[PDB]
>>> print(open('query-v3.txt').read())   # compact mmCIF, C-alpha atoms (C1' of nucleotides)
# COMPACT_ATOMS: atom_id res chain seq x y z
CA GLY A 2 0.00 0.00 0.00
CA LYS A 3 2.05 2.93 1.27
CA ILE A 4 5.45 3.34 2.88
CA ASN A 5 7.06 6.13 4.90
CA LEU A 6 10.76 6.19 4.01
CA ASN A 7 11.46 8.14 7.24
CA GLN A 8 10.60 5.01 9.27
CA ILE A 9 12.74 2.35 7.60
CA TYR A 10 16.17 1.12 8.69
CA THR A 11 18.71 -1.55 7.78
CA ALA A 12 19.10 -4.51 10.13
CA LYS A 13 22.27 -2.92 11.50
CA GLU A 14 20.61 0.46 12.02
CA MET A 15 17.55 -1.01 13.74
CA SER A 16 19.81 -3.20 15.90
CA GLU A 17 21.65 -0.18 17.25
CA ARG A 18 18.39 1.79 17.48
CA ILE A 19 17.00 -0.83 19.93
CA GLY A 20 20.27 -0.79 21.87
CA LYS A 21 21.80 -4.09 20.63
CA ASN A 22 24.99 -5.04 18.78
CA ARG A 23 25.41 -4.23 15.07
CA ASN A 24 24.68 -7.83 14.03
CA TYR A 25 21.74 -8.54 16.36
CA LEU A 26 18.81 -8.55 13.93
CA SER A 27 20.79 -10.28 11.16
CA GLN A 28 21.50 -13.17 13.54
CA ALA A 29 17.83 -13.18 14.56
CA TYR A 30 16.77 -13.22 10.89
CA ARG A 31 19.17 -16.00 9.92
CA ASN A 32 18.29 -18.23 12.87
CA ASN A 33 14.51 -17.80 12.68
CA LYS A 34 14.29 -16.18 16.11
CA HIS A 35 10.57 -15.47 16.03
CA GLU A 36 10.50 -14.05 19.56
CA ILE A 37 12.67 -11.18 18.31
CA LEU A 38 11.38 -10.88 14.74
CA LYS A 39 7.66 -10.78 15.57
CA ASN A 40 8.04 -7.23 16.94
CA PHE A 41 8.94 -5.78 13.51
CA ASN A 42 7.96 -5.38 9.92
CA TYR A 43 10.95 -6.64 7.97
CA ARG A 44 11.88 -7.98 4.55
CA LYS A 45 15.19 -8.75 2.85
CA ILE A 46 15.32 -6.80 -0.43
CA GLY A 47 18.42 -7.19 -2.50
CA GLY A 48 21.35 -7.36 -0.14
CA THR A 49 19.68 -5.39 2.69
CA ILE A 50 17.20 -6.45 5.39
CA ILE A 51 14.78 -3.55 5.80
CA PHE A 52 13.15 -3.13 9.24
CA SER A 53 10.39 -0.83 10.46
CA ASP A 54 8.70 -0.41 13.83
CA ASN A 55 5.54 0.88 12.10
CA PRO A 56 3.41 -2.13 11.08
CA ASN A 57 1.59 0.02 8.50
CA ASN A 58 4.74 0.32 6.34
CA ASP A 59 4.44 -2.00 3.33
CA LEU A 60 8.12 -2.81 2.75
CA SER A 61 7.28 -4.79 -0.37
CA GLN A 62 6.86 -1.37 -2.00
CA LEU A 63 10.65 -0.94 -1.96
CA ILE A 64 12.55 -1.84 -5.12
CA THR A 65 16.31 -1.76 -5.43
CA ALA A 66 17.83 0.82 -7.75
CA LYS A 67 19.26 -2.00 -9.84
CA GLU A 68 15.79 -3.60 -10.12
CA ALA A 69 14.28 -0.21 -10.99
CA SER A 70 16.98 0.41 -13.62
CA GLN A 71 16.23 -2.94 -15.26
CA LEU A 72 12.47 -2.30 -15.22
CA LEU A 73 13.13 0.81 -17.35
CA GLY A 74 15.36 -1.05 -19.80
CA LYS A 75 18.48 0.77 -18.56
CA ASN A 76 21.94 -0.21 -17.39
CA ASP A 77 22.24 -1.64 -13.87
CA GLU A 78 23.84 1.56 -12.51
CA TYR A 79 21.27 3.89 -14.10
CA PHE A 80 19.59 5.07 -10.90
CA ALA A 81 22.80 4.95 -8.85
CA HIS A 82 24.28 7.39 -11.41
CA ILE A 83 21.31 9.77 -11.24
CA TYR A 84 21.28 9.65 -7.44
CA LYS A 85 24.98 10.30 -7.13
CA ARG A 86 25.59 12.73 -10.05
CA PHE A 87 22.23 14.38 -10.93
CA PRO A 88 20.20 14.42 -7.69
CA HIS A 89 17.90 17.24 -8.87
CA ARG A 90 16.47 14.61 -11.22
CA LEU A 91 15.14 12.72 -8.19
CA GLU A 92 13.19 15.62 -6.69
CA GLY A 93 9.67 14.34 -6.14
CA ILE A 94 10.95 10.74 -6.61
CA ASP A 95 10.85 8.91 -3.27
CA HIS A 96 14.16 7.14 -2.71
CA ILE A 97 16.43 6.19 0.14
CA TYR A 98 20.13 5.42 0.22
CA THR A 99 20.84 2.81 2.90
CA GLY A 100 24.54 2.18 2.53
CA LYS A 101 24.86 -0.99 0.51
CA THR A 102 21.61 -0.54 -1.42
CA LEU A 103 19.83 2.42 -2.99
CA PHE A 104 16.03 2.02 -3.12
CA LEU A 105 13.14 3.61 -4.97
CA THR A 106 9.49 2.67 -4.50
CA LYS A 107 7.08 1.07 -6.95
CA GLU A 108 5.12 4.34 -6.89
CA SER A 109 8.09 6.63 -7.37
CA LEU A 110 9.34 4.59 -10.32
CA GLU A 111 5.98 5.31 -11.97
CA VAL A 112 6.35 9.04 -11.24
CA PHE A 113 9.84 8.95 -12.77
CA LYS A 114 8.56 7.20 -15.92
CA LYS A 115 6.02 9.97 -16.41
CA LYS A 116 8.74 12.65 -16.02
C1' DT B 1 28.16 -14.10 58.59
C1' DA B 2 26.36 -18.95 51.31
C1' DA B 3 29.09 -19.71 47.41
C1' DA B 4 30.98 -21.94 43.58
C1' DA B 5 30.44 -24.27 39.58
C1' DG B 6 27.96 -25.71 35.79
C1' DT B 7 24.84 -24.44 31.55
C1' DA B 8 22.34 -23.40 27.47
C1' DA B 9 20.62 -19.40 25.38
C1' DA B 10 21.40 -14.76 24.32
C1' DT B 11 24.34 -11.54 22.84
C1' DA B 12 28.78 -9.75 21.15
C1' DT B 13 33.16 -9.87 18.39
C1' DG B 14 36.49 -10.63 14.35
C1' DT B 15 36.51 -11.81 9.72
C1' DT B 16 34.76 -12.62 5.07
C1' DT B 17 31.29 -12.32 1.46
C1' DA B 18 28.46 -10.47 -2.01
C1' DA B 19 25.85 -6.40 -3.26
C1' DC B 20 26.05 -2.72 -5.87
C1' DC B 21 27.44 1.92 -5.57
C1' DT B 22 31.50 4.93 -7.10
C1' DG B 23 34.22 7.14 -10.22
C1' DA B 24 36.52 8.12 -14.39
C1' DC B 25 35.65 8.08 -18.82
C1' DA B 26 33.17 6.61 -23.41
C1' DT B 27 29.27 6.63 -26.36
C1' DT B 28 24.56 7.61 -27.74
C1' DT B 29 20.67 10.61 -27.95
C1' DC B 30 18.36 15.26 -28.07
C1' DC B 31 17.44 19.43 -30.07
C1' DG B 32 18.96 23.89 -31.38
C1' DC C 1 26.27 19.77 -38.01
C1' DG C 2 27.27 20.50 -32.91
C1' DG C 3 27.37 21.09 -28.30
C1' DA C 4 24.99 19.45 -24.18
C1' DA C 5 22.56 16.09 -21.76
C1' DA C 6 21.55 11.40 -21.09
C1' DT C 7 22.96 6.85 -20.68
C1' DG C 8 26.57 3.24 -21.12
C1' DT C 9 31.11 0.29 -19.67
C1' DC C 10 33.50 -1.87 -16.00
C1' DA C 11 37.21 -2.17 -12.29
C1' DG C 12 37.29 -1.45 -7.82
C1' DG C 13 36.09 0.22 -3.28
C1' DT C 14 32.72 0.63 0.52
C1' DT C 15 28.87 -1.30 2.72
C1' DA C 16 25.40 -4.39 5.44
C1' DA C 17 24.87 -9.00 5.94
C1' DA C 18 26.73 -13.34 6.59
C1' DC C 19 29.65 -16.21 8.78
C1' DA C 20 32.55 -18.37 12.59
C1' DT C 21 33.65 -18.10 17.02
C1' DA C 22 33.75 -16.19 21.62
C1' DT C 23 31.84 -13.94 25.60
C1' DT C 24 28.03 -12.61 28.62
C1' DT C 25 23.81 -13.46 30.73
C1' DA C 26 20.35 -15.94 33.37
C1' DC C 27 19.79 -19.57 35.85
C1' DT C 28 20.23 -24.06 38.14
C1' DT C 29 22.88 -27.66 41.38
>>> encode(input="query-v3.txt", output="structure tokens")
Amino acid sequence: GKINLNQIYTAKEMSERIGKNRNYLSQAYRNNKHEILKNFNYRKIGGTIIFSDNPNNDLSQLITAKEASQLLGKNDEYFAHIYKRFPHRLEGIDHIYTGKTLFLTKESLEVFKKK
DNA sequence: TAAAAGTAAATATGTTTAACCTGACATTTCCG
DNA sequence: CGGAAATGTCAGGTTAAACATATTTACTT
């Protein structure tokens, strides 16, 4: 449905946000630790596990920049290049850089197509 | 004048892996 | 045509996650 990019974190970020070690939620994810995981919305997208405290955030709306580039017929680094070199071209295009992975949303890819 | 020792699970640490962005540059497309 | 903007190549570097192993906690005997 909808997603608030101000409320999403990597596993490492959310781990330190809840006061645990950098690898806490990754270990919980890998070892199926439901007692920990059940408190969060999470989903591994590309090489990043996205976490949110807000259960109303539909993380399946996130698409990696490489996936978005391919959906437009472009080279794999298409959106990474716009983000890094021509960021005015992303104004009004929801996106979030999380460190290993740059993300757009399904909705903001549609807005970009129209542009 | 309880403590020590054992323990399995939880949590943390160090090291490596794979994602995929970065960065310099090349080439193609747009539009006067 | 011609310059500018858009989009492409690819090695390599930086990152979060994975992995392997150790330490700490919580608890019992």
>>> closest_atom_pairs(input="query-v3.txt", of="chain A", to="chain B", cutoff="8 Å", atoms="all atoms listed in the file", output="CSV")
residue,atom,partner,partner_atom,distance
A:22,CA,B:12,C1',6.5
A:25,CA,B:11,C1',7.6
A:47,CA,B:19,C1',7.5
A:48,CA,B:19,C1',5.6
A:67,CA,B:20,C1',7.9
A:78,CA,B:21,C1',7.8
A:81,CA,B:21,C1',6.4
A:101,CA,B:19,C1',6.7
A:102,CA,B:20,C1',6.7
>>> residues_around(input="query-v3.txt", residues="segment 3-13 of chain C", least_positions_apart="6", cutoff="9 Å", atoms="all atoms listed in the file", output="list in words")
residues 75, 76 and 79 of chain A; 22, 26, 27, 28, 29 and 30 of chain B
>>> write_last_selection(input="query-v3.txt", atoms="C-alpha atoms (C1' of nucleotides)", output="short mmCIF file (atom, residue, chain, number, x, y, z; two decimals), in the frame of the given file")
data_model
loop_
_atom_site.label_atom_id
_atom_site.label_comp_id
_atom_site.auth_asym_id
_atom_site.auth_seq_id
_atom_site.Cartn_x
_atom_site.Cartn_y
_atom_site.Cartn_z
CA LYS A 75 18.48 0.77 -18.56
CA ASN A 76 21.94 -0.21 -17.39
CA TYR A 79 21.27 3.89 -14.10
"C1'" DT B 22 31.50 4.93 -7.10
"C1'" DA B 26 33.17 6.61 -23.41
"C1'" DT B 27 29.27 6.63 -26.36
"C1'" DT B 28 24.56 7.61 -27.74
"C1'" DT B 29 20.67 10.61 -27.95
"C1'" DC B 30 18.36 15.26 -28.07
#
>>> interface_residues(input="query-v3.txt", of="chain C", to="chain A", cutoff="9 Å", atoms="all atoms listed in the file", output="PyMOL selection string")
chain C and resi 7-8+14-18
>>> axis_aligned_box(input="query-v3.txt", around="segment 64-73 of chain A", padding_each_side="5 Å", output="lines of an AutoDock Vina configuration file")
center_x = 15.9
center_y = -1.4
center_z = -11.2
size_x = 16.8
size_y = 14.4
size_z = 22.2
>>> atom_distance(input="query-v3.txt", atom1="atom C1' of residue 17 of chain B", atom2="atom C1' of residue 23 of chain C")
24.2 Å
>>> atom_distance(input="query-v3.txt", atom1="atom CA of residue 19 of chain A", atom2="atom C1' of residue 10 of chain B")
15.3 Å
>>> atom_distance(input="query-v3.txt", atom1="atom CA of residue 59 of chain A", atom2="atom CA of residue 105 of chain A")
13.3 Å
>>> residues_near_point(input="query-v3.txt", point="(27.9, -16.6, 28.5)", cutoff="10 Å", atoms="only C-alpha atoms (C1' of nucleotides)", output="count of residues only")
10
>>> build_atoms(input="query-v3.txt", residues="segment 93-107 of chain A", atoms="N, CA, C and O atoms", output="compact mmCIF listing (two decimals), in the frame of the given file")
# COMPACT_ATOMS: atom_id res chain seq x y z
N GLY A 93 10.98 14.93 -5.96
CA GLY A 93 9.67 14.34 -6.14
C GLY A 93 9.67 12.84 -6.40
O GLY A 93 8.59 12.28 -6.61
N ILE A 94 10.84 12.19 -6.43
CA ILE A 94 10.95 10.74 -6.61
C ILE A 94 11.40 10.14 -5.28
O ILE A 94 12.58 10.25 -4.93
N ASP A 95 10.48 9.49 -4.56
CA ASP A 95 10.85 8.91 -3.27
C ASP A 95 11.99 7.90 -3.46
O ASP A 95 11.92 7.02 -4.33
N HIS A 96 13.02 8.03 -2.63
CA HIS A 96 14.16 7.14 -2.71
C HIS A 96 14.88 7.20 -1.38
O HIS A 96 14.75 8.18 -0.63
N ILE A 97 15.66 6.17 -1.10
CA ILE A 97 16.43 6.19 0.14
C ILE A 97 17.71 5.41 -0.07
O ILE A 97 17.69 4.28 -0.58
N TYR A 98 18.82 6.04 0.30
CA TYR A 98 20.13 5.42 0.22
C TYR A 98 20.45 4.78 1.57
O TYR A 98 20.45 5.47 2.59
N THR A 99 20.67 3.47 1.60
CA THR A 99 20.84 2.81 2.90
C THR A 99 22.24 2.28 3.11
O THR A 99 22.47 1.63 4.13
N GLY A 100 23.17 2.53 2.21
CA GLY A 100 24.54 2.18 2.53
C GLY A 100 25.10 1.14 1.58
O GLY A 100 26.10 1.38 0.90
N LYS A 101 24.50 -0.05 1.57
CA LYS A 101 24.86 -0.99 0.51
C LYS A 101 23.94 -0.82 -0.68
O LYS A 101 24.39 -0.91 -1.83
N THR A 102 22.67 -0.50 -0.41
CA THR A 102 21.61 -0.54 -1.42
C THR A 102 20.89 0.80 -1.48
O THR A 102 20.48 1.32 -0.45
N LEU A 103 20.73 1.31 -2.70
CA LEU A 103 19.83 2.42 -2.99
C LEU A 103 18.47 1.85 -3.39
O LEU A 103 18.40 0.90 -4.18
N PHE A 104 17.40 2.46 -2.88
CA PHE A 104 16.03 2.02 -3.12
C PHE A 104 15.20 3.15 -3.71
O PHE A 104 15.36 4.32 -3.34
N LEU A 105 14.28 2.79 -4.60
CA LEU A 105 13.14 3.61 -4.97
C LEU A 105 11.90 2.90 -4.43
O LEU A 105 12.02 1.90 -3.71
N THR A 106 10.72 3.39 -4.80
CA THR A 106 9.49 2.67 -4.50
C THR A 106 8.79 2.33 -5.81
O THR A 106 9.10 2.91 -6.85
N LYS A 107 7.88 1.35 -5.76
CA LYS A 107 7.08 1.07 -6.95
C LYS A 107 6.38 2.33 -7.42
O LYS A 107 6.35 2.61 -8.62
